[PDB]
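Okay, so here's the structure we're looking at.
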Amino acid sequence: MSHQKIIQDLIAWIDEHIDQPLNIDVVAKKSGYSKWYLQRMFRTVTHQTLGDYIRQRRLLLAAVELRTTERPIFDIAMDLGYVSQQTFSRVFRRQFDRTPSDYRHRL
Amino acid sequence: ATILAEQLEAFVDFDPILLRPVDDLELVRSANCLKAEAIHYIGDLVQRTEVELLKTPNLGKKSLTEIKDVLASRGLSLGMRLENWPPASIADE
Amino acid sequence: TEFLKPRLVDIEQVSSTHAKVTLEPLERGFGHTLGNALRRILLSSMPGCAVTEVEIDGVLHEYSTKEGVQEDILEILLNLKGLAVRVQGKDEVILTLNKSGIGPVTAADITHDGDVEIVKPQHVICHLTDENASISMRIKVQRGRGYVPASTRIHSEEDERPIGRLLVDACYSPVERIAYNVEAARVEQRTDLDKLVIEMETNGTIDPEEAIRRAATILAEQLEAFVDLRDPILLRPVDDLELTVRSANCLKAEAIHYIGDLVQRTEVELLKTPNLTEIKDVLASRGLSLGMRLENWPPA
Amino acid sequence: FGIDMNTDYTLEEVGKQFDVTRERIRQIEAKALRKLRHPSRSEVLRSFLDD
């Protein structure tokens, strides 16, 4: 099996258990690889970060789960990768130049 | 007929999607990672043991929710002998 | 309601053949209920012990003759139907009988057993007449109900007995003949009350008290319908495959009998023999593979 | 064997039209057996053998 098939399955791996408390080290058990072999191969194809990749969409899916539902932000930290809200809001201001609170108020 | 008897009490004192590979069973993390051990179908999936098929570098400790729940509705076992599995058709995606 | 339930009362045992049982209380019409409905049950379904298989040495069949005996041999089998013997525990006892010199072999000529109770030992079985007459029979006694003739046992058992085993039909039914009457029972405030005498006359072997205790046992269980209710491939041998002459020279050199014994081995367990693509061609067609482990084998 | 037609043949009489081999045509028959003896397919003809 060539390597361009695996990252097609690696992105067919991730988007189904984002509401789960998921990490990179369980991907390496499911893909059988080591913990380090995931992060070299993503740069030949995407030229982005795969360590922050599973952390990017826990903003992007909390950009619709907070947006559609009436969920408050202090349960997003304990499940979607963090421990407190003071770090979750900072990753948003580097990505899309916004704060989480005034992200919904903009119709 | 009770009353006659009460007088006597002092006197007696195959499935269609089971012919179908893992990409078409309304599921997607039970499809792409089985064909890379030369089992492209449910066929040798039921004979082979989930201590080694999950130990290969495509499955693992979360695939048993997507094999044993399949083996709940389809009844097949760990190591089972298949009656008539392969037709002439063999293909992939 | 004003129902009234009966009691067993009297055992006026007149003989060892002739008896009488009274019964009370009974209401109007229920004398003809329980006077009649026992009688049809009583005349058929009583289990008794009766002679079945009388066998004598030196007599080949029932149409032979033996000397020193005054009687013809079929007639002696007809004598041996009238035997009342009270056996208690088991269902098969093989009595034995001997005698010598002049004198009638009667029913008092058996070597007795413990649970065997002959009722009528005075019954005549034979009449030996010569001085060197010495009869000897090996009788099977059974225990049953209903009627069995000789020919019923014949077709039902295909197993072949030795010669000389002269059968007799199975007259099991140890009741002979009953009658009953309906008279009035003297209870004061209910002057309509009626009593019932059931005279029972039969042979031995039966206490007439237990004859009706089992008779209601027959009837009261047939009301319980009313008081309640309103791989072939695996056993296929080696030669069916039309297989190649080189590999059948090898699978018979690797000592495997069935295809289940072959898949009991794996593909690795065939490569050491001289003179895999063929089995990978043919096993994938008719629904087989290799590498499949069998347990609880063989099933014969 | 005279099946399906009339004239019973000899082993040479097959060779006049087909092939003039002698002991391969004698060995035709020997594995004509070993492909058709098979007493589980021929069990139907074994119900003819107990005639």
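Simple scheme: letters A, B, ... for chains in structure tokens order, numbers from 1 for residues in each chain, numbers from 1 for ligands in the order shown.
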Residues within 9 Å of region 28-36 of chain B, only C-alpha atoms, excluding chain neighbours under 2 positions, as a PDB file with N, CA, C and O atoms, in the first residue's frame:
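Produced file part.pdb, reproduced below:
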```pdb
ATOM      1  N   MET A   1       0.819  -1.208   0.000  1.00  0.00           N
ATOM      2  CA  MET A   1       0.000   0.000   0.000  1.00  0.00           C
ATOM      3  C   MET A   1       0.857   1.264   0.000  1.00  0.00           C
ATOM      4  O   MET A   1       1.732   1.436   0.851  1.00  0.00           O
ATOM      5  N   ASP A   9      -7.368   7.669   4.272  1.00  0.00           N
ATOM      6  CA  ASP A   9      -8.070   6.995   5.359  1.00  0.00           C
ATOM      7  C   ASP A   9      -7.881   7.721   6.683  1.00  0.00           C
ATOM      8  O   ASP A   9      -8.732   7.606   7.570  1.00  0.00           O
ATOM      9  N   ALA A  12     -10.447  10.087   6.634  1.00  0.00           N
ATOM     10  CA  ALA A  12     -11.668   9.318   6.841  1.00  0.00           C
ATOM     11  C   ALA A  12     -11.730   8.702   8.233  1.00  0.00           C
ATOM     12  O   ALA A  12     -12.709   8.017   8.548  1.00  0.00           O
ATOM     13  N   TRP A  13     -10.706   8.934   9.061  1.00  0.00           N
ATOM     14  CA  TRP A  13     -10.645   8.416  10.423  1.00  0.00           C
ATOM     15  C   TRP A  13     -11.216   9.403  11.435  1.00  0.00           C
ATOM     16  O   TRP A  13     -11.820   8.994  12.431  1.00  0.00           O
ATOM     17  N   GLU A  16     -15.471  11.654  12.698  1.00  0.00           N
ATOM     18  CA  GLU A  16     -16.628  10.914  13.177  1.00  0.00           C
ATOM     19  C   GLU A  16     -16.699  10.806  14.694  1.00  0.00           C
ATOM     20  O   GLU A  16     -17.786  10.549  15.227  1.00  0.00           O
ATOM     21  N   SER A  31      -3.949   3.082  13.609  1.00  0.00           N
ATOM     22  CA  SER A  31      -3.165   3.012  12.387  1.00  0.00           C
ATOM     23  C   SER A  31      -1.936   2.127  12.533  1.00  0.00           C
ATOM     24  O   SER A  31      -1.238   1.895  11.542  1.00  0.00           O
TER      25      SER A  31
ATOM     26  N   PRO B  21     -19.381  -5.551   0.226  1.00  0.00           N
ATOM     27  CA  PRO B  21     -18.188  -5.175   0.995  1.00  0.00           C
ATOM     28  C   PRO B  21     -18.435  -4.033   1.968  1.00  0.00           C
ATOM     29  O   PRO B  21     -19.527  -3.460   2.025  1.00  0.00           O
ATOM     30  N   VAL B  22     -17.398  -3.684   2.728  1.00  0.00           N
ATOM     31  CA  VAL B  22     -17.554  -2.836   3.904  1.00  0.00           C
ATOM     32  C   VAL B  22     -17.825  -1.370   3.586  1.00  0.00           C
ATOM     33  O   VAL B  22     -18.136  -0.600   4.500  1.00  0.00           O
ATOM     34  N   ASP B  23     -17.769  -0.973   2.317  1.00  0.00           N
ATOM     35  CA  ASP B  23     -18.050   0.396   1.902  1.00  0.00           C
ATOM     36  C   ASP B  23     -19.532   0.682   1.656  1.00  0.00           C
ATOM     37  O   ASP B  23     -19.872   1.816   1.302  1.00  0.00           O
ATOM     38  N   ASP B  24     -20.426  -0.292   1.807  1.00  0.00           N
ATOM     39  CA  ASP B  24     -21.827  -0.068   1.436  1.00  0.00           C
ATOM     40  C   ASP B  24     -22.788  -0.674   2.459  1.00  0.00           C
ATOM     41  O   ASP B  24     -23.769  -1.327   2.107  1.00  0.00           O
ATOM     42  N   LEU B  25     -22.539  -0.452   3.752  1.00  0.00           N
ATOM     43  CA  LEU B  25     -23.375  -1.053   4.790  1.00  0.00           C
ATOM     44  C   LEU B  25     -23.968  -0.034   5.761  1.00  0.00           C
ATOM     45  O   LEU B  25     -24.321  -0.409   6.884  1.00  0.00           O
ATOM     46  N   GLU B  26     -24.104   1.228   5.336  1.00  0.00           N
ATOM     47  CA  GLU B  26     -24.651   2.346   6.123  1.00  0.00           C
ATOM     48  C   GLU B  26     -23.903   2.518   7.451  1.00  0.00           C
ATOM     49  O   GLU B  26     -24.450   2.367   8.544  1.00  0.00           O
ATOM     50  N   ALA B  38      -5.573  -8.350   2.992  1.00  0.00           N
ATOM     51  CA  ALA B  38      -6.102  -9.281   1.980  1.00  0.00           C
ATOM     52  C   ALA B  38      -7.418  -9.934   2.405  1.00  0.00           C
ATOM     53  O   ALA B  38      -7.695 -11.079   2.046  1.00  0.00           O
ATOM     54  N   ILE B  39      -8.242  -9.217   3.166  1.00  0.00           N
ATOM     55  CA  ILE B  39      -9.641  -9.588   3.385  1.00  0.00           C
ATOM     56  C   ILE B  39     -10.461  -8.397   2.922  1.00  0.00           C
ATOM     57  O   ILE B  39     -10.608  -7.412   3.654  1.00  0.00           O
ATOM     58  N   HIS B  40     -11.001  -8.474   1.712  1.00  0.00           N
ATOM     59  CA  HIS B  40     -11.700  -7.353   1.107  1.00  0.00           C
ATOM     60  C   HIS B  40     -13.200  -7.384   1.367  1.00  0.00           C
ATOM     61  O   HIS B  40     -13.945  -6.642   0.718  1.00  0.00           O
ATOM     62  N   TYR B  41     -13.648  -8.203   2.315  1.00  0.00           N
ATOM     63  CA  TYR B  41     -15.048  -8.573   2.454  1.00  0.00           C
ATOM     64  C   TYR B  41     -15.228  -9.129   3.870  1.00  0.00           C
ATOM     65  O   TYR B  41     -14.277  -9.191   4.652  1.00  0.00           O
ATOM     66  N   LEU B  45     -13.027 -12.261   7.537  1.00  0.00           N
ATOM     67  CA  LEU B  45     -13.204 -11.439   8.730  1.00  0.00           C
ATOM     68  C   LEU B  45     -13.754 -12.256   9.893  1.00  0.00           C
ATOM     69  O   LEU B  45     -13.371 -12.035  11.047  1.00  0.00           O
ATOM     70  N   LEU B  53      -6.196  -9.593  13.888  1.00  0.00           N
ATOM     71  CA  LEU B  53      -6.753  -8.709  12.865  1.00  0.00           C
ATOM     72  C   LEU B  53      -6.868  -7.278  13.372  1.00  0.00           C
ATOM     73  O   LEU B  53      -6.739  -6.326  12.592  1.00  0.00           O
ATOM     74  N   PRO B  57      -1.642  -3.199  11.600  1.00  0.00           N
ATOM     75  CA  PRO B  57      -1.650  -1.728  11.575  1.00  0.00           C
ATOM     76  C   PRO B  57      -2.735  -1.087  10.719  1.00  0.00           C
ATOM     77  O   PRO B  57      -2.446  -0.174   9.940  1.00  0.00           O
ATOM     78  N   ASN B  58      -3.977  -1.564  10.833  1.00  0.00           N
ATOM     79  CA  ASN B  58      -5.142  -0.852  10.319  1.00  0.00           C
ATOM     80  C   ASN B  58      -6.347  -0.874  11.249  1.00  0.00           C
ATOM     81  O   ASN B  58      -7.186   0.027  11.152  1.00  0.00           O
ATOM     82  N   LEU B  59      -6.464  -1.837  12.154  1.00  0.00           N
ATOM     83  CA  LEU B  59      -7.542  -1.891  13.130  1.00  0.00           C
ATOM     84  C   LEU B  59      -6.975  -1.738  14.541  1.00  0.00           C
ATOM     85  O   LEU B  59      -5.793  -1.434  14.737  1.00  0.00           O
ATOM     86  N   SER B  63     -12.323  -1.316  16.897  1.00  0.00           N
ATOM     87  CA  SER B  63     -12.985  -1.989  15.785  1.00  0.00           C
ATOM     88  C   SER B  63     -13.941  -3.085  16.233  1.00  0.00           C
ATOM     89  O   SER B  63     -14.807  -3.479  15.446  1.00  0.00           O
ATOM     90  N   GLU B  66     -17.430  -2.447  15.840  1.00  0.00           N
ATOM     91  CA  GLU B  66     -17.865  -2.526  14.451  1.00  0.00           C
ATOM     92  C   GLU B  66     -17.590  -3.887  13.820  1.00  0.00           C
ATOM     93  O   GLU B  66     -17.626  -3.999  12.589  1.00  0.00           O
ATOM     94  N   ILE B  67     -17.296  -4.917  14.626  1.00  0.00           N
ATOM     95  CA  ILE B  67     -17.273  -6.306  14.174  1.00  0.00           C
ATOM     96  C   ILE B  67     -18.233  -7.174  14.986  1.00  0.00           C
ATOM     97  O   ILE B  67     -18.989  -7.975  14.424  1.00  0.00           O
ATOM     98  N   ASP B  92     -12.815  -4.250  -6.407  1.00  0.00           N
ATOM     99  CA  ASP B  92     -12.421  -3.298  -5.375  1.00  0.00           C
ATOM    100  C   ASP B  92     -13.004  -1.935  -5.735  1.00  0.00           C
ATOM    101  O   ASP B  92     -13.882  -1.825  -6.597  1.00  0.00           O
TER     102      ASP B  92
END
```
When the cut-off is 10 Å and we count only C-alpha atoms, which residues of chain C are near chain D, given as a count of residues only? 7
Report as a PyMOL selection string all protein, DNA and RNA residues lying within 10 Å of residue 25 (chain D), evaluated on only C-alpha atoms, omitting residues in the same chain fewer than 6 positions from it. chain D and resi 11-12+14-15+19
Contacts between chain B and chain C, please, where a residue of chain C counts if it comes within 7 Å (with only C-alpha atoms); show its shortest atom pair and distance in Å to one decimal, rows by chain and ascending number, as CSV.
```
residue,atom,partner,partner_atom,distance
C:5,CA,B:7,CA,5.8
C:6,CA,B:10,CA,6.7
C:7,CA,B:10,CA,6.2
C:213,CA,B:11,CA,5.5
C:216,CA,B:12,CA,5.6
C:217,CA,B:12,CA,5.4
C:220,CA,B:5,CA,5.9
C:223,CA,B:1,CA,6.6
C:226,CA,B:1,CA,6.5
C:227,CA,B:2,CA,5.7
C:284,CA,B:86,CA,5.9
C:285,CA,B:86,CA,6.4
C:286,CA,B:84,CA,6.3
C:287,CA,B:84,CA,3.7
C:288,CA,B:82,CA,6.9
C:292,CA,B:79,CA,6.7
C:293,CA,B:79,CA,6.7
```
As a PyMOL selection string, please: all residues of region 205-283 of chain C that backbone DSSP puts in alpha helix (DSSP H). chain C and resi 210-222+245-251+259-262+277-282
Would you list the contacts of residue 39 (chain A) as a PyMOL selection string, taking every protein, DNA or RNA residue within 10 Å and counting only C-alpha atoms, but skipping same-chain residues closer than 5 positions in sequence? chain A and resi 24+48-51
Find the residues around region 1-4 of chain D up to 12 Å (only C-alpha atoms counted), leave out those fewer than 3 positions away in its own chain, and share them as a list in words. residues 7, 8, 9, 10, 11, 13, 14 and 29 of chain D
Please dump the current selection as a PDB file, in the first residue's frame; keep N, CA and C atoms.
```
ATOM      1  N   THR D   7     -23.274 -51.304 -34.478  1.00  0.00           N
ATOM      2  CA  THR D   7     -22.135 -52.197 -34.664  1.00  0.00           C
ATOM      3  C   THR D   7     -21.202 -52.162 -33.455  1.00  0.00           C
ATOM      4  N   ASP D   8     -21.085 -53.303 -32.777  1.00  0.00           N
ATOM      5  CA  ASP D   8     -20.128 -53.479 -31.694  1.00  0.00           C
ATOM      6  C   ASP D   8     -18.718 -53.385 -32.263  1.00  0.00           C
ATOM      7  N   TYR D   9     -17.803 -52.789 -31.508  1.00  0.00           N
ATOM      8  CA  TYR D   9     -16.505 -52.453 -32.070  1.00  0.00           C
ATOM      9  C   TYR D   9     -15.365 -53.235 -31.425  1.00  0.00           C
ATOM     10  N   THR D  10     -14.204 -53.159 -32.067  1.00  0.00           N
ATOM     11  CA  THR D  10     -12.937 -53.578 -31.489  1.00  0.00           C
ATOM     12  C   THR D  10     -12.075 -52.348 -31.253  1.00  0.00           C
ATOM     13  N   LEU D  11     -10.972 -52.544 -30.525  1.00  0.00           N
ATOM     14  CA  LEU D  11     -10.093 -51.420 -30.217  1.00  0.00           C
ATOM     15  C   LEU D  11      -9.394 -50.902 -31.470  1.00  0.00           C
ATOM     16  N   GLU D  13     -10.928 -51.064 -34.418  1.00  0.00           N
ATOM     17  CA  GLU D  13     -12.012 -50.470 -35.191  1.00  0.00           C
ATOM     18  C   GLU D  13     -12.308 -49.040 -34.785  1.00  0.00           C
ATOM     19  N   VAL D  14     -11.906 -48.628 -33.585  1.00  0.00           N
ATOM     20  CA  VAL D  14     -11.941 -47.211 -33.258  1.00  0.00           C
ATOM     21  C   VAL D  14     -10.804 -46.501 -33.976  1.00  0.00           C
ATOM     22  N   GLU D  29      -9.731 -46.473 -21.343  1.00  0.00           N
ATOM     23  CA  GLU D  29     -10.755 -47.166 -20.577  1.00  0.00           C
ATOM     24  C   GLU D  29     -10.405 -47.252 -19.101  1.00  0.00           C
TER      25      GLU D  29
END
```
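Any residue of chain A with an atom no more than 10 Å from chain B counts as a contact; using only C-alpha atoms, that gives residues 1, 5, 6, 8, 9, 10, 12, 13, 14, 15, 16, 17, 26, 27, 28, 29, 30, 31, 32 and 33 of chain A.
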Output N, CA, C and O atoms for every residue in that selection, as a PDB file, in the first residue's frame.
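Now in result00.pdb:
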```pdb
ATOM      1  N   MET A   1       0.819  -1.208   0.000  1.00  0.00           N
ATOM      2  CA  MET A   1       0.000   0.000   0.000  1.00  0.00           C
ATOM      3  C   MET A   1       0.857   1.264   0.000  1.00  0.00           C
ATOM      4  O   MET A   1       1.732   1.436   0.851  1.00  0.00           O
ATOM      5  N   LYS A   5      -2.711   6.658   0.065  1.00  0.00           N
ATOM      6  CA  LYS A   5      -3.969   6.042   0.468  1.00  0.00           C
ATOM      7  C   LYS A   5      -4.224   6.205   1.963  1.00  0.00           C
ATOM      8  O   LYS A   5      -5.384   6.308   2.383  1.00  0.00           O
ATOM      9  N   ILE A   6      -3.159   6.243   2.770  1.00  0.00           N
ATOM     10  CA  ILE A   6      -3.297   6.227   4.225  1.00  0.00           C
ATOM     11  C   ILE A   6      -3.858   7.551   4.733  1.00  0.00           C
ATOM     12  O   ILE A   6      -4.789   7.568   5.548  1.00  0.00           O
ATOM     13  N   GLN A   8      -5.670   9.512   3.035  1.00  0.00           N
ATOM     14  CA  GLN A   8      -7.077   9.487   2.653  1.00  0.00           C
ATOM     15  C   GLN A   8      -7.918   8.732   3.675  1.00  0.00           C
ATOM     16  O   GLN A   8      -9.066   9.114   3.932  1.00  0.00           O
ATOM     17  N   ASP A   9      -7.368   7.669   4.272  1.00  0.00           N
ATOM     18  CA  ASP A   9      -8.070   6.995   5.359  1.00  0.00           C
ATOM     19  C   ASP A   9      -7.881   7.721   6.683  1.00  0.00           C
ATOM     20  O   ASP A   9      -8.732   7.606   7.570  1.00  0.00           O
ATOM     21  N   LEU A  10      -6.774   8.459   6.834  1.00  0.00           N
ATOM     22  CA  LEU A  10      -6.539   9.214   8.062  1.00  0.00           C
ATOM     23  C   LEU A  10      -7.501  10.390   8.189  1.00  0.00           C
ATOM     24  O   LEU A  10      -7.853  10.780   9.309  1.00  0.00           O
ATOM     25  N   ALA A  12     -10.447  10.087   6.634  1.00  0.00           N
ATOM     26  CA  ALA A  12     -11.668   9.318   6.841  1.00  0.00           C
ATOM     27  C   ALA A  12     -11.730   8.702   8.233  1.00  0.00           C
ATOM     28  O   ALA A  12     -12.709   8.017   8.548  1.00  0.00           O
ATOM     29  N   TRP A  13     -10.706   8.934   9.061  1.00  0.00           N
ATOM     30  CA  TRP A  13     -10.645   8.416  10.423  1.00  0.00           C
ATOM     31  C   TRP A  13     -11.216   9.403  11.435  1.00  0.00           C
ATOM     32  O   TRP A  13     -11.820   8.994  12.431  1.00  0.00           O
ATOM     33  N   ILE A  14     -11.049  10.703  11.192  1.00  0.00           N
ATOM     34  CA  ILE A  14     -11.060  11.681  12.279  1.00  0.00           C
ATOM     35  C   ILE A  14     -12.437  12.311  12.494  1.00  0.00           C
ATOM     36  O   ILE A  14     -12.877  12.470  13.636  1.00  0.00           O
ATOM     37  N   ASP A  15     -13.174  12.634  11.430  1.00  0.00           N
ATOM     38  CA  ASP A  15     -14.332  13.518  11.541  1.00  0.00           C
ATOM     39  C   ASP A  15     -15.579  12.853  12.121  1.00  0.00           C
ATOM     40  O   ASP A  15     -16.655  13.454  12.045  1.00  0.00           O
ATOM     41  N   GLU A  16     -15.471  11.654  12.698  1.00  0.00           N
ATOM     42  CA  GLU A  16     -16.628  10.914  13.177  1.00  0.00           C
ATOM     43  C   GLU A  16     -16.699  10.806  14.694  1.00  0.00           C
ATOM     44  O   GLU A  16     -17.786  10.549  15.227  1.00  0.00           O
ATOM     45  N   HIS A  17     -15.582  11.007  15.398  1.00  0.00           N
ATOM     46  CA  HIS A  17     -15.554  10.973  16.857  1.00  0.00           C
ATOM     47  C   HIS A  17     -14.954  12.264  17.424  1.00  0.00           C
ATOM     48  O   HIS A  17     -14.085  12.214  18.300  1.00  0.00           O
ATOM     49  N   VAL A  26      -4.271   7.531  20.262  1.00  0.00           N
ATOM     50  CA  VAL A  26      -5.174   6.437  19.929  1.00  0.00           C
ATOM     51  C   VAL A  26      -5.273   6.259  18.417  1.00  0.00           C
ATOM     52  O   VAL A  26      -5.636   5.179  17.941  1.00  0.00           O
ATOM     53  N   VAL A  27      -4.951   7.299  17.634  1.00  0.00           N
ATOM     54  CA  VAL A  27      -4.886   7.135  16.183  1.00  0.00           C
ATOM     55  C   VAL A  27      -3.718   6.236  15.816  1.00  0.00           C
ATOM     56  O   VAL A  27      -3.820   5.394  14.916  1.00  0.00           O
ATOM     57  N   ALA A  28      -2.592   6.403  16.512  1.00  0.00           N
ATOM     58  CA  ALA A  28      -1.404   5.605  16.241  1.00  0.00           C
ATOM     59  C   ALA A  28      -1.593   4.147  16.637  1.00  0.00           C
ATOM     60  O   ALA A  28      -0.942   3.268  16.067  1.00  0.00           O
ATOM     61  N   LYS A  29      -2.468   3.870  17.607  1.00  0.00           N
ATOM     62  CA  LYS A  29      -2.810   2.483  17.904  1.00  0.00           C
ATOM     63  C   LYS A  29      -3.722   1.915  16.821  1.00  0.00           C
ATOM     64  O   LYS A  29      -3.594   0.743  16.447  1.00  0.00           O
ATOM     65  N   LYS A  30      -4.638   2.733  16.293  1.00  0.00           N
ATOM     66  CA  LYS A  30      -5.544   2.245  15.255  1.00  0.00           C
ATOM     67  C   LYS A  30      -4.850   2.155  13.906  1.00  0.00           C
ATOM     68  O   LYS A  30      -5.123   1.235  13.133  1.00  0.00           O
ATOM     69  N   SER A  31      -3.949   3.082  13.609  1.00  0.00           N
ATOM     70  CA  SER A  31      -3.165   3.012  12.387  1.00  0.00           C
ATOM     71  C   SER A  31      -1.936   2.127  12.533  1.00  0.00           C
ATOM     72  O   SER A  31      -1.238   1.895  11.542  1.00  0.00           O
ATOM     73  N   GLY A  32      -1.643   1.649  13.746  1.00  0.00           N
ATOM     74  CA  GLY A  32      -0.511   0.779  14.002  1.00  0.00           C
ATOM     75  C   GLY A  32       0.846   1.449  14.007  1.00  0.00           C
ATOM     76  O   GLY A  32       1.823   0.824  14.443  1.00  0.00           O
ATOM     77  N   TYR A  33       0.944   2.695  13.549  1.00  0.00           N
ATOM     78  CA  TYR A  33       2.198   3.420  13.466  1.00  0.00           C
ATOM     79  C   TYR A  33       2.648   3.872  14.853  1.00  0.00           C
ATOM     80  O   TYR A  33       1.978   3.643  15.864  1.00  0.00           O
TER      81      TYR A  33
END
```
Give me, as a ChimeraX atom specification, all polymer residues having an atom no more than 7 Å from region 113-122 of chain C, counting only C-alpha atoms and skipping those fewer than 6 positions away in the same chain. /C:84-89,106-107,204-205
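Near residue 203 (chain C), within 9 Å and counting only C-alpha atoms, sit residues 16, 17, 18, 84, 119, 174, 175 and 176 of chain C; same-chain residues fewer than 6 positions away were not included.
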